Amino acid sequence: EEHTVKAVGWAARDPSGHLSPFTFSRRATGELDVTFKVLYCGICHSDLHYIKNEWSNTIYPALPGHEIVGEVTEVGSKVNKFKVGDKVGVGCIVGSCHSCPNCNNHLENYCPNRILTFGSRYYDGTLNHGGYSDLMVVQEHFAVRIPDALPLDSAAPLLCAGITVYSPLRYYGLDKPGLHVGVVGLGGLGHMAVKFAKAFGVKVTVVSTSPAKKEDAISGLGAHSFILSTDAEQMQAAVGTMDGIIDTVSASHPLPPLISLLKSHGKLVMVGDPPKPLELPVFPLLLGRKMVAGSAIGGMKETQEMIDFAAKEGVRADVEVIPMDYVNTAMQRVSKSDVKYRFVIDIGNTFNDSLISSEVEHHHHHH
């Protein structure tokens, strides 16, 4: 009888990026799906880029949001891992092929046929709409369980910003007590990198061009050290001291000074995306057996592991919780990195309020 259900979200209609209400269909709960009421959605810079057509390949209407937390309302007839009332999360992926080496190794994020939460179509040919919405539907394999111990309002950023830095900290071996890791960029990603590295027992140094970020790094986040990258004496004092660097900056910046901070066998891991190629001198990689490497989000198994780790170790994103109807103002602030350090929309308490008509009640006397 019922093949789709009605959902409501805030969506952009053109490259202005202006968000407004949008009513659309989602699939009804299939045998292996989970339907949930959205309670919080983090705001990612990718959300802004997509609604602004930054890559010239946005499909409008464009409904972003891929840091999605909520409460299960319906489970498919074959679903066993979730029950009604469970708190769940959805990140950047909602599908993959389940029969390639990456999928088979818990790396759906590197599946060549991965399906992103938005900027893509589902197997049904329907456009994928994200988490700035009241209701979400996801195949069970692509939902994670959120523990009771974890506050839901600050959990949401783990699903993209958190996993983006957790995954390479683990894969590149930058998670053992006593190591020294540098973090470049102190925005949403960078602040999660400091938090997870601290929780692993790693000594964390924030590297920044801005003297104002010293207070943020040291007093705000509890980083072990700060280097002002424009001060040559500070950069020189730190030559060859870092086991690795998580570089979160998606803007031009010089690479050689960062390679110099690395110890031999050190790893510069990029998780940001600068728009132009960067200039890589090979000799210093040879002389010190150094590397420059990349990573993107994380697979499902590790996403669940990370959530469990955060719950147990006390890791919490620093969030600014906002009503849905503030989202366009938030987007202007995100474009200036004017948040410490992530916006989270309180969908559960504010979304419907944003839809309620503000037409003043009146008799119509003038004819």
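Numbering starts at 1 and follows the sequence shown.
When the C-alpha B-factors of 69-77 and 231-239 are averaged, 231-239 comes out higher. Stretches 205-213 and 289-297 differ in mean C-alpha B factor, with the higher average recorded for 205-213. Within the selection 95, 131, 89, 185, the deposited Cα B-factor values reach their highest point at 185. Listed residues 248, 164, 252, 109 were ranked by CA B-factor as deposited; 252 comes out on top.
When all modelled residues of the chain are sorted by CA temperature factor, residue 59 is found within the highest third. When the modelled residues of the chain are ordered by their C-alpha B factor, residue 43 lands in the lowest third. Annotation for residue 283: CA B-factor lies in the highest third of the chain's modelled residues. Looking at the C-alpha B-factors along this chain, the one for residue 113 belongs to the middle third. When all modelled residues of the chain are sorted by CA temperature factor, residue 140 is found within the middle third.
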